[PDB]
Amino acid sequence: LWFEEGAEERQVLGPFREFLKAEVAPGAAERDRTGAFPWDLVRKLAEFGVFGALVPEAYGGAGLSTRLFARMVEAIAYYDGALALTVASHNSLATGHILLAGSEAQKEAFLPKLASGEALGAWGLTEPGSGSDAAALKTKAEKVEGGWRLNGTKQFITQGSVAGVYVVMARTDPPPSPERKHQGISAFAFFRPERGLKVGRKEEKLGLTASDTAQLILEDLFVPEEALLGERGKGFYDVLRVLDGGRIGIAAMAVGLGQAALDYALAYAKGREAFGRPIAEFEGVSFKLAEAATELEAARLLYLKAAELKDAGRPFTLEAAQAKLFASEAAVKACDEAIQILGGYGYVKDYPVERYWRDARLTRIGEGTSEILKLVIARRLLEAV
């Protein structure tokens, strides 16, 4: 059945899950406390193709279906949000943009390593002054003999550090209309330079501790002519496509986190007793479980659908935005109800439910805030009829 794991998926997810429980799960709590970038697990995960999941085998990638890649992200997120974000962003953003707008030359130069894991990718779109209106990037890319002169600063760029390959957006030409500033922007891919690129101090986050998020400062950074990704002044349109893909991944990440929280509360409730009976026998508890279960089930069907469309070469901007919005909002709520079901213990770090919420909370913000996705969704509904 379509909504279930096919025999081909059950053969890739089966062994991937064992690995997750044995090498990722045990150190999840500690990593949330330490915040130490898990280089080991990254190289260890790359083995399953995880870091080149969507890259064609020809380029070294594992050439998997966007559908399969999503289920793996869910699986990773079920045990470690931080890792899930690293994996999802690396593939969806940095790698995805290169594979999407890269020439055969650019692809050959980056994809093999990215898909390998020996080089992590950073996607610089978000800046300090434009957390939502992306097209309003102030980072510049002035034409210079030999290449370009990138001048600007990126903010909250996943893999800001630890990044071997970078993809940065920058305006190279006028909008011209202040409105449509989406035109005039260009994308530039390149390897970690040795001058002109400063990596700000590590940002302390509410959760996803171990994930790498840094500020990027570009002081007169030169990039070869071979850096421009896509058509000059048309990179933002490739950006939107990349995000659509990214959103599918984030949705799966959300579901993973929400499912973990739910499974935990389910088990807890069945055991924990109050007033002479399992707290689960109380509707106040059962209703929360039922609601969460139902919504996460719907969240999953939504990203599976979005992934199915993407693989079919059909439009999915609306469907990816719908999946991300729903999974994110539903997961965070399920996580919050888990905290409530655990009661006083839900408030203590000894248990995972508080981390689940902290990790999942970012899914309603990253790669398009829920508010942003609703406008995206509404615009599509309206332009349709």
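Just count from 1 along the sequence shown to find any residue number.
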Mean Cα B-factor check, 216-224 vs 282-290, entry values; winner is 216-224
Mean C-alpha B-factor comparison - 45-53 and 327-335, higher one:
45-53
Whose CA atom has the top B-factor in the entry, of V73, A136, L302, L83?
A136
Highest Cα B-factor in the PDB entry belongs to which of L240, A260, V144, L125?
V144
By the recorded C-alpha temperature factor, relative to the other modelled residues in its chain, which third is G249 in?
lowest
Split the chain's modelled residues into thirds by Cα B-factor; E367 lands in the middle
Among modelled residues of the same chain, the CA temperature factor third for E231
highest
Hey, what third does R10 fall into on Cα B-factor, ranked over its chain?
highest
Taking only the Cα B-factors deposited for this chain, tell me whether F191 sits in the lowest, middle or highest third.
highest
